[PDB]
Amino acid sequence: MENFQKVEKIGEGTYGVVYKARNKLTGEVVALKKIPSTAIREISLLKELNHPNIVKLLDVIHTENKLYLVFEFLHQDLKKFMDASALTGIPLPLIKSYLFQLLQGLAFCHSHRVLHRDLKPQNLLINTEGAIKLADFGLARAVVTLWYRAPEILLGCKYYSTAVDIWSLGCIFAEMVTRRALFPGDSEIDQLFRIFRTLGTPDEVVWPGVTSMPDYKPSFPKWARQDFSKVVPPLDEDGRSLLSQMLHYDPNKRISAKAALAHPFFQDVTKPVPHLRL
Ligand SMILES: O=C(Cc1ccc(OCCN2CCCC2)cc1)Nc1cc(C2CC2)[nH]n1
């Protein structure tokens with residue numbers, strides 16, 4: 001750590017403090033996260049999971065029982081960008097470009113059997129060139145917001161799949177379009193009931209095996225499903241169809257990142273430049 005000069009506090013992550021810092025030898029500006037042997041090995045495997053839509057893990061430093069993760073630095077996160085764009089809304093071609101790029105990043109990690117598990121706007125990082133990148137990939141395996149949590153996790157599935165990331169990204173896509181969180185739960189039951197109130201209480205018809213899940217209760221209220229036309233106006237039919245497939249209850253029916261990239265919604269995808277004031 002004597003090789004780094006702290007510049008400013010980026011924020012407080014799930015694991016520890018994140019600083020913007022300067023590497024004293026290379027002159028490199030990085031993000032430094034201050035955090036068992038199985039953790040060392042899993043984190044070391046993440047150093048090889050390189051993709052243009054994944055924030056680069058430059059180095060892993062284990063000293064005096066403290067673990068430091070050195071990452072590529074980006075100037076802005078999507079949460080702050082969405083707040084800054086609240087009055088006008090993020091233009092649809094930019095939303096579409098960001099969703100396309102995030103799906104490319106997920107398709108890559110998922111092809112390597114690596115899940116994010118905790119996607120949220122705060123860990124999606126953006127630059128002046130129009131890129132968007134996933135941060136904290138694979139750290140979950142190695143107040144916390146529930147808004148993006150998949151229903152199978154809320155229902156107590158211990159062995160969840162890559163579909164949990166598609167659910168989180170669908171929630172984020174809806175929030176970029178409407179300028180409001182889709183399911184802003186403030187407890188696990190409030191989160192689950194908000195999902196049920198919009199998508200309908202799940203049953204054996206739409207989700208075989210749901211009633212056998214660890215935290216499923218037959219006493220859950222039974223709410224009717226709402227039309228996506230009410231949920232995400234003014235999104236077009238291609239976007240609503242894609243979002244519906246990213247929000248399927250059954251993780252097995254939920255669209256994969258690779259199949260989502262082929263969706264007609266992306267026929268006219270482009271890579272616009274965001275308006276960024278740094
Ligand atoms: O999280 C960001 C975006 C960012 C940048 C600078 C910020 O400044 C923070 C507070 N300052 C105090 C005075 C004014 C504002 C805040 C957020 N970037 C990251 C993260 C990572 C790796 C995953 C670890 N890489 N890049």
# chains A, B, ... in the order shown; residues from 1 in each chain; ligands from 1
call {"tool": "residues_around", "arguments": {"residues": "residue 177 in chain A", "least_positions_apart": "2", "cutoff": "9 Å", "atoms": "only C-alpha atoms", "output": "count of residues only"}}
result
15
call {"tool": "residues_around", "arguments": {"residues": "range 26-33 of chain A", "least_positions_apart": "5", "cutoff": "8 Å", "atoms": "only C-alpha atoms", "output": "ChimeraX atom specification"}}
result
/A:10,16-21,68-73
call {"tool": "residues_around", "arguments": {"residues": "residue 135 in chain A", "least_positions_apart": "3", "cutoff": "8 Å", "atoms": "only C-alpha atoms", "output": "short mmCIF file (atom, residue, chain, number, x, y, z; two decimals) with C-alpha atoms, in the first residue's frame"}}
result
data_model
loop_
_atom_site.label_atom_id
_atom_site.label_comp_id
_atom_site.auth_asym_id
_atom_site.auth_seq_id
_atom_site.Cartn_x
_atom_site.Cartn_y
_atom_site.Cartn_z
CA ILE A 54 -16.17 -5.47 -16.89
CA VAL A 55 -14.29 -3.06 -14.60
CA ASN A 123 -21.91 -0.73 -9.37
CA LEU A 124 -22.44 0.17 -13.08
CA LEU A 125 -19.68 2.59 -14.09
#
call {"tool": "atom_distance", "arguments": {"atom1": "CA of residue 253 in chain A", "atom2": "CA of residue 182 in chain A"}}
result
20.6 Å
call {"tool": "atom_distance", "arguments": {"atom1": "CA of residue 224 in chain A", "atom2": "CA of residue 200 in chain A"}}
result
4.5 Å
call {"tool": "select_by_dssp", "arguments": {"residues": "range 6-75 of chain A", "states": "strand (DSSP E)", "output": "JSON, numbers by chain"}}
result
{"A": [6, 7, 8, 9, 10, 11, 12, 17, 18, 19, 20, 21, 22, 23, 29, 30, 31, 32, 33, 34, 57, 58, 59, 60, 61, 62, 63, 66, 67, 68, 69, 70, 71, 72]}
call {"tool": "write_last_selection", "arguments": {"atoms": "N, CA and C atoms", "output": "compact mmCIF listing (two decimals), in the first residue's frame"}}
result
# COMPACT_ATOMS: atom_id res chain seq x y z
N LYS A 6 -3.73 8.08 -1.54
CA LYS A 6 -5.19 8.30 -1.57
C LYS A 6 -5.45 9.72 -2.05
N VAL A 7 -6.45 9.89 -2.93
CA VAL A 7 -6.82 11.15 -3.57
C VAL A 7 -8.17 11.68 -3.05
N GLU A 8 -9.16 10.79 -2.96
CA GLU A 8 -10.50 11.10 -2.46
C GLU A 8 -11.24 9.81 -2.15
N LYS A 9 -12.23 9.89 -1.25
CA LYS A 9 -13.04 8.73 -0.89
C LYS A 9 -14.13 8.64 -1.94
N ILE A 10 -14.19 7.51 -2.66
CA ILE A 10 -15.21 7.27 -3.69
C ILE A 10 -16.51 6.99 -2.98
N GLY A 11 -16.46 6.13 -1.97
CA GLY A 11 -17.61 5.77 -1.17
C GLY A 11 -17.36 4.59 -0.27
N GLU A 12 -18.44 4.03 0.27
CA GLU A 12 -18.41 2.90 1.17
C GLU A 12 -19.18 1.76 0.55
N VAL A 17 -14.30 0.40 2.44
CA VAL A 17 -14.13 1.73 1.85
C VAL A 17 -13.45 1.65 0.48
N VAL A 18 -13.89 2.52 -0.45
CA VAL A 18 -13.34 2.62 -1.80
C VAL A 18 -12.73 4.02 -1.93
N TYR A 19 -11.45 4.07 -2.30
CA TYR A 19 -10.74 5.32 -2.51
C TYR A 19 -10.28 5.47 -3.94
N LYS A 20 -10.26 6.71 -4.41
CA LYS A 20 -9.58 7.00 -5.68
C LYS A 20 -8.12 7.16 -5.22
N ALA A 21 -7.15 6.57 -5.95
CA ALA A 21 -5.76 6.67 -5.52
C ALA A 21 -4.81 6.71 -6.69
N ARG A 22 -3.58 7.19 -6.45
CA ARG A 22 -2.54 7.26 -7.46
C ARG A 22 -1.42 6.28 -7.13
N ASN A 23 -1.06 5.44 -8.11
CA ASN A 23 0.03 4.46 -8.00
C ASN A 23 1.31 5.29 -8.19
N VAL A 29 -4.00 6.11 -12.02
CA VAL A 29 -5.09 6.51 -11.12
C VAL A 29 -5.99 5.29 -11.12
N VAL A 30 -6.30 4.80 -9.93
CA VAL A 30 -7.05 3.56 -9.72
C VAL A 30 -8.13 3.76 -8.67
N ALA A 31 -8.99 2.74 -8.48
CA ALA A 31 -9.95 2.71 -7.37
C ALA A 31 -9.40 1.62 -6.47
N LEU A 32 -9.24 1.91 -5.19
CA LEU A 32 -8.69 0.94 -4.23
C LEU A 32 -9.74 0.55 -3.19
N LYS A 33 -10.14 -0.74 -3.16
CA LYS A 33 -11.14 -1.26 -2.23
C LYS A 33 -10.41 -1.94 -1.08
N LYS A 34 -10.69 -1.51 0.16
CA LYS A 34 -10.11 -2.13 1.35
C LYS A 34 -11.17 -3.09 1.90
N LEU A 57 -9.96 -5.74 -12.82
CA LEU A 57 -9.33 -6.00 -11.53
C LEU A 57 -7.82 -6.04 -11.85
N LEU A 58 -7.11 -4.97 -11.49
CA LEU A 58 -5.69 -4.81 -11.80
C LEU A 58 -4.81 -5.65 -10.91
N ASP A 59 -5.13 -5.69 -9.61
CA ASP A 59 -4.32 -6.42 -8.64
C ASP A 59 -5.06 -6.73 -7.36
N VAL A 60 -4.58 -7.78 -6.68
CA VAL A 60 -5.10 -8.24 -5.41
C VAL A 60 -3.90 -8.15 -4.46
N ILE A 61 -4.04 -7.40 -3.36
CA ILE A 61 -2.94 -7.24 -2.38
C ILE A 61 -3.39 -7.70 -0.99
N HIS A 62 -2.78 -8.79 -0.47
CA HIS A 62 -3.11 -9.30 0.86
C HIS A 62 -1.93 -9.01 1.78
N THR A 63 -2.13 -8.13 2.78
CA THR A 63 -1.13 -7.70 3.76
C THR A 63 -1.82 -7.41 5.09
N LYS A 66 -5.55 -7.57 6.02
CA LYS A 66 -6.35 -6.68 5.20
C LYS A 66 -6.18 -7.11 3.74
N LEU A 67 -7.26 -7.01 2.98
CA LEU A 67 -7.23 -7.38 1.58
C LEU A 67 -7.52 -6.12 0.80
N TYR A 68 -6.66 -5.80 -0.19
CA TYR A 68 -6.88 -4.62 -1.05
C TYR A 68 -7.09 -5.03 -2.46
N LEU A 69 -8.16 -4.53 -3.08
CA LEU A 69 -8.42 -4.82 -4.48
C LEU A 69 -8.20 -3.54 -5.28
N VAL A 70 -7.35 -3.61 -6.31
CA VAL A 70 -6.98 -2.47 -7.14
C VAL A 70 -7.75 -2.61 -8.44
N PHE A 71 -8.61 -1.63 -8.74
CA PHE A 71 -9.45 -1.64 -9.92
C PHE A 71 -9.16 -0.48 -10.82
N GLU A 72 -9.55 -0.65 -12.10
CA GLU A 72 -9.60 0.43 -13.07
C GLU A 72 -10.57 1.50 -12.47
call {"tool": "atom_distance", "arguments": {"atom1": "CA of residue 206 in chain A", "atom2": "CA of residue 260 in chain A"}}
result
20.4 Å
call {"tool": "residues_around", "arguments": {"residues": "residue 216 in chain A", "least_positions_apart": "6", "cutoff": "9 Å", "atoms": "only C-alpha atoms", "output": "ChimeraX atom specification"}}
result
/A:155-156,210
call {"tool": "write_last_selection", "arguments": {"atoms": "N, CA, C and O atoms", "output": "PDB file, in the first residue's frame"}}
result
ATOM      1  N   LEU A 155     -37.162 -15.923  -1.921  1.00  0.00           N
ATOM      2  CA  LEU A 155     -37.908 -17.140  -1.548  1.00  0.00           C
ATOM      3  C   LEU A 155     -37.031 -18.241  -0.962  1.00  0.00           C
ATOM      4  O   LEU A 155     -37.529 -19.297  -0.586  1.00  0.00           O
ATOM      5  N   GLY A 156     -35.738 -17.964  -0.834  1.00  0.00           N
ATOM      6  CA  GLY A 156     -34.804 -18.840  -0.125  1.00  0.00           C
ATOM      7  C   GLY A 156     -34.070 -19.905  -0.911  1.00  0.00           C
ATOM      8  O   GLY A 156     -33.539 -20.851  -0.308  1.00  0.00           O
ATOM      9  N   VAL A 210     -42.584 -23.352  -7.349  1.00  0.00           N
ATOM     10  CA  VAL A 210     -42.594 -22.169  -6.470  1.00  0.00           C
ATOM     11  C   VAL A 210     -43.151 -22.451  -5.068  1.00  0.00           C
ATOM     12  O   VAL A 210     -42.600 -21.929  -4.099  1.00  0.00           O
TER      13      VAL A 210
END
call {"tool": "closest_residue", "arguments": {"among": "A:189, A:107, A:278, A:142", "to": "residue 42 in chain A", "atoms": "only C-alpha atoms"}}
result
A:142
call {"tool": "select_by_dssp", "arguments": {"residues": "range 227-257 of chain A", "states": "alpha helix (DSSP H)", "output": "VMD selection string"}}
result
chain A and resid 228 to 231 237 to 246 257
call {"tool": "closest_residue", "arguments": {"among": "A:83, A:2, A:64, A:77", "to": "ligand 1", "atoms": "only C-alpha atoms and all ligand atoms"}}
result
A:77
